[PDB]
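Text of model.pdb (PDB, C-alpha atoms (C1' of nucleotides) and all ligand atoms) as supplied:
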ATOM      1  CA  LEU A   1      -1.096   1.894 -54.219
ATOM      2  CA  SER A   2      -0.272   3.021 -50.672
ATOM      3  CA  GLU A   3      -3.714   1.982 -49.401
ATOM      4  CA  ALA A   4      -3.311  -1.283 -51.345
ATOM      5  CA  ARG A   5      -0.058  -2.118 -49.566
ATOM      6  CA  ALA A   6      -1.387  -0.983 -46.170
ATOM      7  CA  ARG A   7      -4.470  -3.188 -46.550
ATOM      8  CA  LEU A   8      -2.590  -6.196 -47.940
ATOM      9  CA  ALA A   9      -0.352  -6.006 -44.866
ATOM     10  CA  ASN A  10      -3.065  -5.945 -42.186
ATOM     11  CA  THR A  11      -4.584  -9.044 -40.540
ATOM     12  CA  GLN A  12      -5.521  -7.786 -37.057
ATOM     13  CA  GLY A  13      -8.803  -6.411 -35.771
ATOM     14  CA  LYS A  14      -9.733  -3.809 -33.166
ATOM     15  CA  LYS A  15      -9.278  -5.967 -30.069
ATOM     16  CA  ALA A  16      -5.860  -7.355 -31.062
ATOM     17  CA  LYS A  17      -4.571  -3.855 -31.808
ATOM     18  CA  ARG A  18      -5.823  -2.444 -28.500
ATOM     19  CA  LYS A  19      -4.355  -5.427 -26.620
ATOM     20  CA  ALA A  20      -0.918  -4.980 -28.215
ATOM     21  CA  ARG A  21      -0.901  -1.301 -27.209
ATOM     22  CA  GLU A  22      -2.170  -2.285 -23.748
ATOM     23  CA  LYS A  23       0.710  -4.760 -23.441
ATOM     24  CA  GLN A  24       3.207  -2.033 -24.379
ATOM     25  CA  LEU A  25       1.612   0.346 -21.850
ATOM     26  CA  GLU A  26       1.724  -2.367 -19.173
ATOM     27  CA  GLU A  27       5.418  -2.900 -19.947
ATOM     28  CA  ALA A  28       6.054   0.856 -19.716
ATOM     29  CA  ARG A  29       4.236   1.287 -16.398
ATOM     30  CA  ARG A  30       6.010  -1.826 -15.102
ATOM     31  CA  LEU A  31       9.420  -0.316 -15.917
ATOM     32  CA  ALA A  32       8.314   2.987 -14.353
ATOM     33  CA  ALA A  33       7.122   1.361 -11.111
ATOM     34  CA  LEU A  34      10.309  -0.724 -11.202
ATOM     35  CA  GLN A  35      12.427   2.448 -11.357
ATOM     36  CA  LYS A  36      10.449   4.059  -8.518
ATOM     37  CA  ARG A  37      10.713   0.960  -6.307
ATOM     38  CA  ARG A  38      14.414   0.585  -7.152
ATOM     39  CA  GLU A  39      15.035   4.191  -6.085
ATOM     40  CA  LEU A  40      13.026   3.698  -2.871
ATOM     41  CA  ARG A  41      15.104   0.608  -2.075
ATOM     42  CA  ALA A  42      18.375   2.244  -3.178
ATOM     43  CA  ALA A  43      18.128   5.326  -0.966
ATOM     44  CA  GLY A  44      16.130   3.261   1.530
ATOM     45  CA  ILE A  45      12.478   4.093   2.256
ATOM     46  CA  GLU A  46      10.249   1.156   3.207
ATOM     47  CA  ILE A  47       6.872   2.256   1.896
ATOM     48  CA  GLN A  48       4.687  -0.835   1.583
ATOM     49  CA  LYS A  49       1.982  -1.211  -1.052
ATOM     50  CA  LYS A  50      -1.416  -2.876  -1.170
TER      51      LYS A  50
ATOM     52  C1'   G B   1     -41.923 -20.690  49.569
ATOM     53  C1'   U B   2     -46.456 -23.227  51.166
ATOM     54  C1'   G B   3     -49.069 -27.021  53.714
ATOM     55  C1'   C B   4     -49.538 -31.021  57.174
ATOM     56  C1'   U B   5     -47.649 -33.018  61.573
ATOM     57  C1'   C B   6     -53.305 -35.548  67.887
ATOM     58  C1'   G B   7     -44.038 -32.302  67.166
ATOM     59  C1'   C B   8     -42.040 -30.042  71.223
ATOM     60  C1'   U B   9     -46.165 -26.850  72.145
ATOM     61  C1'   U B  10     -46.696 -21.582  72.169
ATOM     62  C1'   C B  11     -48.980 -18.687  68.887
ATOM     63  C1'   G B  12     -42.323 -16.700  69.297
ATOM     64  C1'   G B  13     -38.717 -20.271  67.716
ATOM     65  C1'   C B  14     -37.233 -25.110  66.384
ATOM     66  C1'   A B  15     -37.719 -30.287  64.540
ATOM     67  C1'   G B  16     -39.756 -33.898  60.978
ATOM     68  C1'   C B  17     -42.361 -34.944  56.353
ATOM     69  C1'   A B  18     -44.576 -33.640  51.580
ATOM     70  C1'   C B  19     -44.553 -30.719  46.987
ATOM     71  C1'   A B  20     -41.239 -27.572  44.409
ATOM     72  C1'   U B  21     -34.746 -29.559  41.365
ATOM     73  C1'   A B  22     -30.071 -26.586  37.189
ATOM     74  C1'   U B  23     -31.454 -20.385  32.804
ATOM     75  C1'   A B  24     -27.893 -18.284  29.705
ATOM     76  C1'   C B  25     -24.637 -18.451  21.143
ATOM     77  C1'   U B  26     -23.327 -16.597  29.226
ATOM     78  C1'   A B  27     -21.786  -8.506  27.429
ATOM     79  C1'   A B  28     -24.876  -2.916  28.956
ATOM     80  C1'   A B  29     -18.397  -5.044  25.926
ATOM     81  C1'   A B  30     -13.091  -5.106  24.798
ATOM     82  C1'   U B  31     -11.136  -6.738  20.386
ATOM     83  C1'   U B  32     -10.234  -8.509  15.348
ATOM     84  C1'   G B  33     -10.127  -8.179  10.121
ATOM     85  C1'   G B  34     -12.671  -7.051   5.391
ATOM     86  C1'   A B  35     -15.760  -3.964   3.237
ATOM     87  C1'   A B  36     -19.766   2.380   0.234
ATOM     88  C1'   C B  37     -21.195   4.017  -3.830
ATOM     89  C1'   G B  38     -18.589   6.944  -5.879
ATOM     90  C1'   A B  39     -15.502  10.811  -6.768
ATOM     91  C1'   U B  40      -9.898  11.074  -8.524
ATOM     92  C1'   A B  41      -6.513  11.135 -13.144
ATOM     93  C1'   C B  42      -5.892   6.927 -17.034
ATOM     94  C1'   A B  43      -9.179   4.186 -19.853
ATOM     95  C1'   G B  44     -12.781   2.909 -24.940
ATOM     96  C1'   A B  45     -15.988  -1.496 -26.706
ATOM     97  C1'   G B  46     -15.581  -8.399 -31.307
ATOM     98  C1'   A B  47     -15.523 -10.829 -36.461
ATOM     99  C1'   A B  48      -8.992 -10.235 -41.895
ATOM    100  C1'   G B  49     -11.443  -1.798 -45.557
ATOM    101  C1'   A B  50     -15.658   0.829 -43.021
ATOM    102  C1'   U B  51     -20.603   0.441 -40.308
ATOM    103  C1'   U B  52     -22.652  -3.312 -37.712
ATOM    104  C1'   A B  53     -27.583  -8.261 -35.549
ATOM    105  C1'   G B  54     -26.096 -11.619 -32.763
ATOM    106  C1'   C B  55     -26.067 -17.494 -30.930
ATOM    107  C1'   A B  56     -22.682 -20.203 -28.642
ATOM    108  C1'   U B  57     -18.158 -22.557 -26.414
ATOM    109  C1'   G B  58     -14.350 -23.255 -21.350
ATOM    110  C1'   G B  59     -13.982 -22.129 -16.103
ATOM    111  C1'   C B  60      -9.898 -20.495  -9.111
ATOM    112  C1'   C B  61     -14.627 -14.590 -13.391
ATOM    113  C1'   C B  62     -18.967 -12.546 -11.721
ATOM    114  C1'   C B  63     -23.793  -9.012 -11.674
ATOM    115  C1'   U B  64     -29.635  -8.548 -12.353
ATOM    116  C1'   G B  65     -33.530 -12.080 -12.172
ATOM    117  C1'   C B  66     -38.014 -16.896  -8.537
ATOM    118  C1'   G B  67     -36.051 -18.854 -12.726
ATOM    119  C1'   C B  68     -33.599 -25.250 -16.111
ATOM    120  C1'   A B  69     -36.564 -17.591 -19.009
ATOM    121  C1'   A B  70     -33.942 -13.563 -20.553
ATOM    122  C1'   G B  71     -30.523  -9.624 -20.085
ATOM    123  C1'   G B  72     -25.643  -7.636 -18.585
ATOM    124  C1'   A B  73     -20.602  -4.749 -24.991
ATOM    125  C1'   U B  74     -22.172 -11.018 -28.893
ATOM    126  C1'   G B  75     -21.563  -9.701 -20.083
ATOM    127  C1'   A B  76     -16.125  -9.936 -19.416
ATOM    128  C1'   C B  77     -11.912 -13.056 -20.343
ATOM    129  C1'   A B  78      -9.799 -16.112 -24.586
ATOM    130  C1'   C B  79      -5.463 -12.898 -29.465
ATOM    131  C1'   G B  80      -0.828 -17.428 -28.411
ATOM    132  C1'   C B  81       7.775 -14.885 -31.039
ATOM    133  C1'   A B  82       0.948 -21.345 -31.401
ATOM    134  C1'   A B  83       7.913 -26.177 -31.911
ATOM    135  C1'   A B  84       5.762 -33.047 -28.179
ATOM    136  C1'   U B  85       8.859 -38.426 -28.604
ATOM    137  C1'   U B  86      12.752 -38.936 -33.188
ATOM    138  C1'   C B  87      16.733 -37.945 -38.361
ATOM    139  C1'   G B  88      19.567 -38.634 -42.697
ATOM    140  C1'   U B  89      22.250 -37.475 -48.265
ATOM    141  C1'   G B  90      25.979 -35.810 -51.706
ATOM    142  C1'   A B  91      30.006 -33.843 -53.140
ATOM    143  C1'   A B  92      34.188 -30.010 -51.396
ATOM    144  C1'   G B  93      38.213 -28.321 -48.432
ATOM    145  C1'   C B  94      41.389 -29.390 -44.098
ATOM    146  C1'   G B  95      43.787 -32.722 -40.253
ATOM    147  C1'   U B  96      44.080 -37.966 -38.580
ATOM    148  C1'   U B  97      44.593 -44.225 -38.214
TER     149        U B  97
HETATM  150 MG    MG C   1     -14.248  -4.741 -38.760
HETATM  151 MG    MG C   2     -26.684 -13.275 -23.474
HETATM  152 MG    MG C   3     -23.223  -5.338 -30.699
HETATM  153 MG    MG C   4     -21.566 -15.022 -23.988
END

Output the structure of this file as structure tokens.
Ligand SMILES: [Mg+2]
Ligand SMILES: [Mg+2]
Ligand SMILES: [Mg+2]
Ligand SMILES: [Mg+2]
Amino acid sequence: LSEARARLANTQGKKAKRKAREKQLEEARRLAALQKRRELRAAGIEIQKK
RNA sequence: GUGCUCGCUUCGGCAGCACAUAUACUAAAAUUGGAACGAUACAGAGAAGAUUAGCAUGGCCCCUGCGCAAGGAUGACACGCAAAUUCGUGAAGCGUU
């Protein structure tokens, strides 16, 4: 019954599931780089990026 | 530069005439930028359970190939809270002309 519910719920394949996780990881690394850049601008250190 | 001048006129010089008439992306440089795999960590291969052949499609994505062949993971990407013009009924409660 548990496998029945878990397979009646699913519609997504491999690539959609890796892209959703990749979007969450991109959001996480964006917030992390945002925090680092906000600290570098808050204390004041003008390191430029590429 | 050379030759000819019944040129001065010596073998020294000068004069005249003739022929000959415009190289070089100008550097042995100074500069200026974008770039070599590939190593560093991470990262993991589509199709509604799982294991999988693939053929396409589109373009500010390319690589290998002489290729209008064929490969590159079906080469990669594409996965979207997929909302575009324009509304009306019926009673019910409350306030108003
Ligand atoms: Mg599958
Ligand atoms: Mg092919
Ligand atoms: Mg395959
Ligand atoms: Mg293809």

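In this model, the gap between CA of residue 49 in chain A and CA of residue 21 in chain A comes to 26.3 Å.
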
Hey, which residues sit close to ligand MG 1 (chain C)? Say within 9 Å, counting all atoms listed in the file, and write them as number ranges by chain.
A: 13-14; B: 46-52

Since we have the selection now, will you write its residues out, keeping C-alpha atoms (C1' of nucleotides), as a PDB file, in the coordinates of the input?
ATOM      1  CA  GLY A  13      -8.803  -6.411 -35.771  1.00  0.00           C
ATOM      2  CA  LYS A  14      -9.733  -3.809 -33.166  1.00  0.00           C
TER       3      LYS A  14
ATOM      4  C1'   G B  46     -15.581  -8.399 -31.307  1.00  0.00           C
ATOM      5  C1'   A B  47     -15.523 -10.829 -36.461  1.00  0.00           C
ATOM      6  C1'   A B  48      -8.992 -10.235 -41.895  1.00  0.00           C
ATOM      7  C1'   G B  49     -11.443  -1.798 -45.557  1.00  0.00           C
ATOM      8  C1'   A B  50     -15.658   0.829 -43.021  1.00  0.00           C
ATOM      9  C1'   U B  51     -20.603   0.441 -40.308  1.00  0.00           C
ATOM     10  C1'   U B  52     -22.652  -3.312 -37.712  1.00  0.00           C
TER      11        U B  52
END

Please check which protein, DNA or RNA residues sit within 9 Å of ligand MG 4 (chain C), counting only C-alpha atoms (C1' of nucleotides) and all ligand atoms, and write them as a ChimeraX atom specification.
/B:55-57,74-76

Using only C-alpha atoms (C1' of nucleotides), tabulate the residues of chain A lying at most 7 Å from any atom of chain B, each with its closest atom pair and that distance in Å to one decimal, by chain and increasing residue number, as a tab-separated table.
residue	atom	partner	partner_atom	distance
A:11	CA	B:48	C1'	4.8
A:12	CA	B:48	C1'	6.4
A:15	CA	B:46	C1'	6.9
A:16	CA	B:79	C1'	5.8

Quick one: residues within 10 Å of residue 37 in chain A, all atoms listed in the file, excluding same-chain residues fewer than 6 positions away - as a VMD selection string?
chain A and resid 31 44 to 47
